[PDB]
Amino acid sequence: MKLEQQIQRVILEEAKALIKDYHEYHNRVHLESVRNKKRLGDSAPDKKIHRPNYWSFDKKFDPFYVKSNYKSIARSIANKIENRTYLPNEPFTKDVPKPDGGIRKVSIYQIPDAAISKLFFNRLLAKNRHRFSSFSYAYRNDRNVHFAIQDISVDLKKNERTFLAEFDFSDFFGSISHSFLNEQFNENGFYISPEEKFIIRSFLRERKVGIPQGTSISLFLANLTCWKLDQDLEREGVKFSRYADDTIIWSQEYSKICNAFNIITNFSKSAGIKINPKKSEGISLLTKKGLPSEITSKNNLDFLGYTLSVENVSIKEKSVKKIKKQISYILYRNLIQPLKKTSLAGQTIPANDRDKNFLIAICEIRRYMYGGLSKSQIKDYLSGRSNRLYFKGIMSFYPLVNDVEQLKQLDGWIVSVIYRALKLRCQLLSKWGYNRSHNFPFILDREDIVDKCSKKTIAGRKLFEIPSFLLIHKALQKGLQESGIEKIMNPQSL
Amino acid sequence: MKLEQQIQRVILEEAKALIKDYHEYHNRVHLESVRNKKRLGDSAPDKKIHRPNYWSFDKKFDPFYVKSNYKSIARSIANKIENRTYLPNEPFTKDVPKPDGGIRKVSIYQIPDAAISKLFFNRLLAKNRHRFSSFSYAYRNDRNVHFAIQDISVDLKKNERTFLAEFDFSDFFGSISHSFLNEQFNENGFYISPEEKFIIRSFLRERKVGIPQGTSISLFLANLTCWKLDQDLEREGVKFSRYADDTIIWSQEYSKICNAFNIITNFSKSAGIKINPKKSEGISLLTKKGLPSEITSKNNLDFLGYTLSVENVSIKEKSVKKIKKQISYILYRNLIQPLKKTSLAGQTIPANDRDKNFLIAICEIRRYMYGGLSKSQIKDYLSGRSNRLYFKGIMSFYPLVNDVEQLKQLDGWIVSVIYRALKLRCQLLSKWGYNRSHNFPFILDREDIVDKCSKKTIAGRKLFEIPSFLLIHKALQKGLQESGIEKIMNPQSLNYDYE
Amino acid sequence: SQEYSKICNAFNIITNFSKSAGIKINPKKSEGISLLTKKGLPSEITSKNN
RNA sequence: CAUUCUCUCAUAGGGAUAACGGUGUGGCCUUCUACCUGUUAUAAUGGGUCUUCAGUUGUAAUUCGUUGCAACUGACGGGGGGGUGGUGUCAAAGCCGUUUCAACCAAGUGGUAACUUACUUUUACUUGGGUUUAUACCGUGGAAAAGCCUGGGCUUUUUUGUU
RNA sequence: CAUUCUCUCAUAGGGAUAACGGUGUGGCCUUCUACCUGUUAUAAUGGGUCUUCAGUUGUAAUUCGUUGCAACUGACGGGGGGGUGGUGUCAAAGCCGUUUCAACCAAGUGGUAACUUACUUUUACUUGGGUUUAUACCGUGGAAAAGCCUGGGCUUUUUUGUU
Ligand SMILES: [Mg+2]
Ligand SMILES: [Mg+2]
Ligand SMILES: [Mg+2]
Ligand SMILES: [Mg+2]
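Calculation criteria
- Residues numbered from 1 in each chain as written, not as in the entry; some residues may be left out.
- Chains lettered and ligands numbered in written order.
- Part of a larger assembly, values for the part shown.
- Heavy atoms only, no water.
- Near = heavy atom within 4 Å.
- Polar contact = N/O pair within 3.5 Å; in protein donor to acceptor, adjacent residues only side chain to side chain.
- Helix = DSSP H or I, 4+ residues; strand = E, 2+ residues; numbered from the N terminus.
- Nonpolar A, V, L, I, M, F, W, Y, C, P; charged D, E, K, R; others polar.
- Contact = heavy atoms within 4.5 Å.
- Pairing = 2+ DSSP bridges.
- Axes fitted to C-alpha atoms, helices over the stretch in contact; angles between N-to-C directions.
- Parallel < 35°, antiparallel > 145°, perpendicular 65-115°, else oblique.
- Left-handed = near helix turned anticlockwise from the far one by under 90°.
- Buried area = accessible area lost by both parts, 1.4 Å probe.
- Salt bridge = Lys/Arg side-chain N within 4 Å of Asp/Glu carboxyl O.
- Patch = residues over 30% accessible without salt bridge, like charges linked within 9 Å, V, L, I, M, F, W, Y side chains within 5 Å.
- Areas by Shrake-Rupley, 256 points an atom, 1.4 Å probe, with all protein chains shown as cover.
- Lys, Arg positive; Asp, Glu negative; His and termini not counted.
- Charge placed at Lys NZ, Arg CZ, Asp CG, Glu CD.
- Buried < 20%, exposed > 50% of the residue type's maximum accessible area, 1.4 Å probe, protein only.
- UniProt positions renumbered as here; feature names shortened; annotations may be inferred.
- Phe/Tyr/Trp six-rings, centres within 6.5 Å; stacked < 30°, edge-to-face > 60°.
- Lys NZ or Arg CZ within 6 Å of the ring centre and 35° of its normal.

Looking at the entry header, you'll see cryo-EM listed as the method and 3.49 Å as the resolution.

Dropping the structure here:
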């Protein structure tokens, strides 16, 4: 029947994708092993290839085995579904402690049961698509969440005094009674077929307690339980956005947020589970940066990888610290770490004004921020000479940053860190007996570093220019006004 | 370059689409002419191949000329857009009298400017798609408008009292100052590129007064002008749905709908123009048989061909009358009209229980009703033998009807009309001198019209069974519950054999 | 005003009128809403006395 | 003025060619597809029957939300006018049955018929997707007659190709 | 147990084969991309420069909605500690300059340091988009050698097909 062929197709595609990912993993490991041997010399460790541990718990977790017997698995699953005796096997569940102090139970289903939950719940979320609230996402890394960060950003700016009330539904989704879920299958004009209903009931029967967390099932079953609360909150006028389990609620009027708080409390009582505000306090006013206190009178809302304010959008502090970590660690790897090893055997020592290690460091920093773009390409796109510009970098995950001062400070930080790292590298090289304090890398003095690096050219193409966040931010602002958030985020779309 | 290539592609696609339609038009006119010659006999009128009138007002309206110079037209248009000296040519405007007081100015642009508008304003409405209200459509026949009718139906079925108010934005879109549009460009986080602003300003300069009523440009500008009204109405808690130059607003509380009236008044004042509610609507309360809250209380609302009540969704009376007219005219044309002519020259007369005209009439009715689906296919889809049943018919335009009584009445009407038409055809045949009363079509007796027709088979296929609305409605209910309104109303998707 | 929900709607009415005229109206210095309560109880606001 | 090709002074113009683009039927291929029965070595062909929903009961499970199977039961083709029998009774209702009239609008209008390349805000769609014989269409180009003019042009028909 | 093929009772099992799937580099096609200048008769190839935003002025259109062109002005690479000078003031804060220290966290900690197959909800991505010489990886297979066992089987390395 068509069902078996559809299963076969989905299972095969999933297995092939995982196999391709593993092959890329091992090839990348080998290439990095070659580079590390050429970098640390004869002190580099050996090449270690690791298979994911859960590939061993059950033979179905292995993509290779699934590709071996995809036909048989599809036939058996189709027969069991049409006999209504299907149950998804136990998912491999790992408990990752949440930073706030909680724990998130991440469940990974087997490839067969992960393919069936991506075929029957990606259709159920299309036919019943218009019956869900506008801002309701599944994982905090989804590409459509950035449409919500825009809305808040557009409101925080316009209504200069916005009341916010962030919430946490983790305990709610974790332990919602299955009967309440099963009572919503025929309301709000949901189109759920008899087969899809059976599959939903099988997946919920496996859990016995509540909705799964990190699965395609999560989004639909979350939009199937909080469909009355959503409608109530819309009817009060307060806007909202649920990322995975958090639920921010914002509106201009105090009364509306006060009523939304009561609506959420009543919904929590109705479901029989407790919903608690994530913020220690309840309502919180996010006013302009300059103003006294009243309820909270805060000026920075976090959301994800952002810090929204009435003035502008900016990168969250933790994300900025991680960017600093990665850049400083790239410099430390390519400049300082090899020299700290007990023996300099098989390491290229800079000489003749050429420092291949410095070139590698700058190139890797560029790939991490720009993605490989040279400044000439970015300027060409900005002027109009170029029709296309590909965005793939750490700045491609923040295509809404309006804060120019933060990028300026971060660029200055990059320059200063490069200068200090080069100074320490020169000191260590001298301590090892190889005195190089008059060459190109070490002649620059923190005010000519950018200029001298820019002038320097390799193979006819500038390969030393110090990367700058501000230029790519200008490019992103231009791109968003020509392609939109969607295209900038997902360049593959054509 | 790129702009030139894109313009070339879009213009050529538009021209080829229009040419394909014209080729099919005269190929369709010829087939119907042949059938007419075999229906009206030797008195049949001669064939006529018309050519759309607006293809002569300007050469650039002609699909057969715009394909000749698509390269040159794209070259010049690109050069003029890069030189900021591009003004779209005058569109052809026709005034269609609205059924109520008023006129609709339908504008048909030239193929080049239509291509440019369909290219630039489809991207502008995609990048800024999340900044527009949920229910906002361009045409009353739009296939995505059923997503709003389902919402109103669900609200009516669930709520206890639903207050509704309908508005008219026809004057709003005909007298809105363009300075307002220009002022509404950089707010609400709209991503309008510099050249996409130039083209908007050029298209608005061409009009000088207001938004073109019908075109790809219409919807984006309608959503761009009425972006504060949508935000305010959303903030109050009253839902809305615009579709074409109209606005329904429904809410559970009278105070909220009154505040919606006040918000529309303020917005109309700000724009400098008037938004008048339809003069026979006020606020309609579709209560659940409860207290009327001292407001005009009705039980049926009319919305884009549907009659929405608190218990069922049915076909509007006007649409039912149109369906009845079409079926009755099919029967009259295929059974009665050929006989009323002054001479029966070269017309096939019933013989040996065979009535080719009756078979043609029943098959045409089946195509209009179902789309050619035989009852066996529909029952196979219902049982489960098959998984595909294309919905191509009049009932494909009403995939939300829950009313079973209306469909039963319509089926009985079809049966009665078929019986009466066959009786009149027999009378006329006798008057002409041919007594076919004994023949098969003229002995059915009405009660056995549906019974004896189903048993009869032609070419080993049941081609006489009288089509029924109820069976296809059952099939549509199952198809909806298994595929969604989008797929039922949009029967191409990717393709068949999609596994 | 006697209700916080009402004075909060006064900042929103001056914020919209300020944008309608196209000029800014800022709260004097950094005073903010001041609750001159009779010591009955506080309501999530800076309770002053003078 | 090829709707073909080509060139350029490129939303316009010039040059070259007679073909360019589509339609119905049939065939082929790929689609999933209950049950019976004719003609044959198991294939084609012909014919025939079924497919739905609601409720109850029984029955095996269930995470008590619900599901599976069986047995049935019920539903599953409008309205109007003129007659007309029965049934109803403060008396009338009311109900049911029977007969007759119609193309629909018309369960209507002061009054009624016509119409589909039509009519109407939008009243919008057509056989499940690709190939391959015969039929044939729009506008073109030729060829032969036919009537207007001139003494080549214009005009009609047919034919040819497109095929 | 090839991640290859194939069969079946089919989410498990059976049989057969040595090959299956990927990576970096270059090449071949695509892809629009300014200006000058080396290098051989307009081609290749070496080198160099420029591209941004805001505001003002002039000027052109002008739908008064704006736009175009030209000129000019301004912005266009962090923070901290120690030392030091100038400027401020009733003294000071304050401002400007200069020198030195620190790989980042660190604008910190009691205290520093280390780490990228790492860390962490969600830390995510790697050069628009297609082919194919030489290099080479995942798990397989086969040989040789080398250790164990037996008296071939097992283990290790190299090599080979893969390629
Ligand atoms: Mg909704
Ligand atoms: Mg919105
Ligand atoms: Mg009548
Ligand atoms: Mg430090």
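Picking up where we left off.
**Side note on the protein's contact with RNA strand E**
If you check the shell around RNA strand E, you find 90 residues, and the closest are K48(A), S72(A), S76(A), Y329(A) and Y332(A). Within the backbone of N387(A), a nitrogen or oxygen atom sits 3.0 Å from a base nitrogen of RNA strand E. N182(B) has a polar side-chain atom sitting 2.9 Å from a sugar or linking oxygen of RNA strand E. Considering each element in turn, the surface near RNA strand E owes the most residues, 13 residues, to helix α16 (residues 404-431) of chain A. Of the residues that constitute the surface near RNA strand E, the class distribution is 31 nonpolar, 25 polar and 34 charged.

**A word on the protein's contact with RNA strand D**
Residues and elements named next belong to chain B. What surrounds RNA strand D is a group of 92 residues, the closest being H50, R104, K322, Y332 and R385. Take the atoms of RNA strand D that sit within 4 Å of the protein: sugar and phosphate atoms are 46% of them. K375 places a side-chain nitrogen or oxygen 2.6 Å from a base oxygen of RNA strand D. Between RNA strand D and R388 there is a distance of 2.8 Å, counted from a sugar or linking oxygen to a side-chain nitrogen or oxygen. A total of 13 residues in the surface near RNA strand D trace back to one element, the largest contributor, which is helix α11 (residues 317-340). Taken together, the residues of the surface near RNA strand D sort by class into 28 nonpolar, 27 polar and 37 charged.

**Some points on the interface of chain A and chain C**
Between chain A and chain C, the contact holds 13 residues from the first and 16 residues from the second. Scanning the region where chain A abuts chain C turns up five residue pairs in polar contact. Taken together, the residues of the side of chain A that touches chain C break down into five nonpolar, two polar and six charged.

**Digging into the pairing of strand β2 (residues 103-108) of chain A**
All names here are of chain A. Across six bridges, the pairing between strand β1 (residues 92-97) and β2 is antiparallel. Its bridge partner lying in β2, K94 is registered against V106. Here β1 folds back onto β2 in antiparallel fashion, the turn holding five residues, of which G101 has a positive phi close to 125°.

**What about the packing of helix α4 (residues 111-127) of chain B against helix α7 (residues 194-207) of chain B?**
Residue and element names in this part refer to chain B. At their nearest, the axes of α4 and α7 sit 11 Å apart, and the two run at 125° to each other. It follows that α4 is oblique to α7 by the angle criterion. The handedness of the crossing between α4 and α7 is left-handed. Between α4, through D113, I116, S117, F120, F121, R123, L124 and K127, and α7, the contact on the second element is made entirely by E196, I199, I200 and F203.

**Considerations on the interface of chain B and chain A**
Taken together, the contact pairs 34 residues of chain B with 36 residues of chain A. By the criterion of area lost to chain A, the three top residues of chain B are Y191(B), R235(B) and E499(B), representing 24% of everything that side buries. Summed over the shared surface of chain B and chain A, the result is two salt bridges. There are 16 residue pairs in polar contact connecting chain B and chain A. Of all elements in the fold, only α5 (146-158), α7, α9 (227-236) and α16 (469-489) of chain B reach the threshold of two or more residues within the side of chain B that touches chain A.

**Some thoughts on the sheet that holds strand β8 (residues 306-308) of chain B**
Residues and elements named next belong to chain B. Strand order across the open sheet formed by three strands is β7-β8-β9, with antiparallel pairing between neighbours. With one partner strand each, in any of the chains shown, β7 (301-303) and β9 (313-315) form the two edges of the open sheet. Taken over all neighbouring pairs, the strand axes of this sheet differ in orientation by 35° on average, direction set aside. When β7 meets β8, the two strands line up antiparallel, connected through three bridges. Looking across to β8, one finds that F303 is bridged to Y306.

**Topic: the environment of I73(A)**
For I73(A), the location among the structural elements is in helix α3 (residues 70-83). In this structure the C-alpha to C-alpha distance between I73(A) and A15(A), which are 58 residues apart in sequence, comes to 12 Å.

**Examining a positive patch on the surface**
Residues and elements named next belong to chain A. Positive charge collects at one region of the surface, where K379, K452, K455 and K462 lie side by side. If you trace the backbone, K452 turns up in helix α18 (residues 449-455). Looking at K452, the relative accessible area reads 45%, which means it is partly exposed.

**Describing a nonpolar patch on the surface**
A cluster of nonpolar side chains, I14(C), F17(C) and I25(C), forms an exposed patch at the surface whose accessible area comes to about 300 Å². Relative to the helices and strands, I25(C) resides in the segment after α1 (4-21).

**A word on the arrangement of the chains**
By contact count, the leading pair among the two pairs of chains in contact is chains A and B. There is no contact between chain B and chain C; across them, the least C-alpha separation is 10 Å.

**Here we look at the UniProt feature "domain: Reverse transcriptase" (unreviewed entry) in chain A**
UniProt records the feature "domain: Reverse transcriptase" (unreviewed entry) at residues 77-308 of chain A, using the numbering of this structure. Each end of residues 77-308 of chain A is marked by a C-alpha atom, and these two atoms are 48 Å apart; helix forms 41% of the span and strand 15%.

**A word on the sheet that holds strand β4 (residues 239-241) of chain B**
Residues and elements named next belong to chain B. Strand order in the open sheet formed by four strands is β4-β5-β3-β6, with antiparallel pairing between adjacent strands. Among the strands making up the open sheet, the edge pair consists of β4 and β6 (284-285). Judged from the six bridges that link them, strand β3 (residues 163-168) and strand β5 (residues 246-251) form a sheet pairing that is antiparallel. Counterpart to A165 in the pairing with β5 is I249. On the sheet, α5 packs against β3, β4 and β5 and is oriented at approximately 25° with respect to β5.

**Side note on the environment of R207(A)**
Residues and elements named next belong to chain A. Position of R207 among the secondary structure elements: in helix α9 (residues 194-207). Taking C-alpha positions, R207 is 9.9 Å from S175, a pair spaced 32 residues apart along the chain. Each residue touching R207, except ones within four places of it in the same chain, is listed here: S107, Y109, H178 and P212. At 3.3 Å, the side chain of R207 forms a polar contact with the backbone oxygen of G210.

**Some details on the environment of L221(B)**
Its location among the elements puts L221(B) in helix α8 (residues 216-225). With 48 residues separating them along the chain, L221(B) and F173(B) place their C-alpha atoms 9.6 Å apart.

**What to know about the side chain of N188(A)**
With respect to the secondary-structure elements, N188(A) resides in the loop between α8 (178-182) and α9. Among the polar contacts made by the side chain of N188(A), one reaches the side chain of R131(A) at a distance of 2.5 Å. In terms of polar contacts, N188(A) uses its side chain to reach the side chain of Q231(A), at 3.1 Å. Excluding its chain neighbours within four sequence positions, the residues that come into contact with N188(A) are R131(A), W227(A), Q231(A), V154(B) and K158(B).

**Topic: the packing of aromatic side chains**
Throughout the structure, instances matching the rule amount to 53 aromatic pairs over all chains. Relative to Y254(B), the ring of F163(B) lies with its centre 5.7 Å away and its plane at 50°, an arrangement referred to as tilted. You can see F163(B) sitting in strand β3 and its partner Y254(B) sitting in helix α10 (residues 254-271), a full 91 residues away along the chain. Accessibility expressed as a relative area gives 40% for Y254(B), which makes it partly exposed. Linked through ring pairs, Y86(A), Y109(A), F121(A), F132(A), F190(A), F203(A) and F220(A) together constitute an aromatic cluster. The residue whose ring lies beneath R9(A) is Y498(B), and the NZ or CZ to ring-centre distance is 4.8 Å. Between the NZ or CZ atom of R84(A) and the centre of the ring of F198(A), over which it lies, the distance is 5.4 Å.

**Concerning a negative patch on the surface**
The grouping of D445(B), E447(B), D448(B) and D451(B) at the surface amounts to a negative patch. Mapped onto the fold, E447(B) is located in the loop between α14 (404-432) and α15 (449-455).

**Thoughts on the pattern of salt bridges**
Tallied over the entire structure, the rule returns 42 salt bridges over all chains. Residues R242(A) and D230(A) are paired through a salt bridge, measuring 2.8 Å at the closest nitrogen-oxygen approach. You can see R242(A) sitting in strand β5 (residues 239-242) and its partner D230(A) sitting in helix α11 (residues 228-236), a full 12 residues away along the chain. Residue classification places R242(A) among the buried positions, given a relative accessible area of 3%. The partner of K228(B) in a salt bridge is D232(B), and the shortest N-O contact between them spans 3.9 Å. With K228(B) and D232(B) both in helix α9, this residue pair falls four residues apart, about one helical turn. Its relative accessible area of 34% is what places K228(B) among the partly exposed residues. The class for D232(B) is partly exposed, based on a relative accessible area of 25%. Salt bridges sharing partners connect three or more residues here, namely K98(A), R140(A), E166(A), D245(A), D246(A), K278(A) and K279(A).

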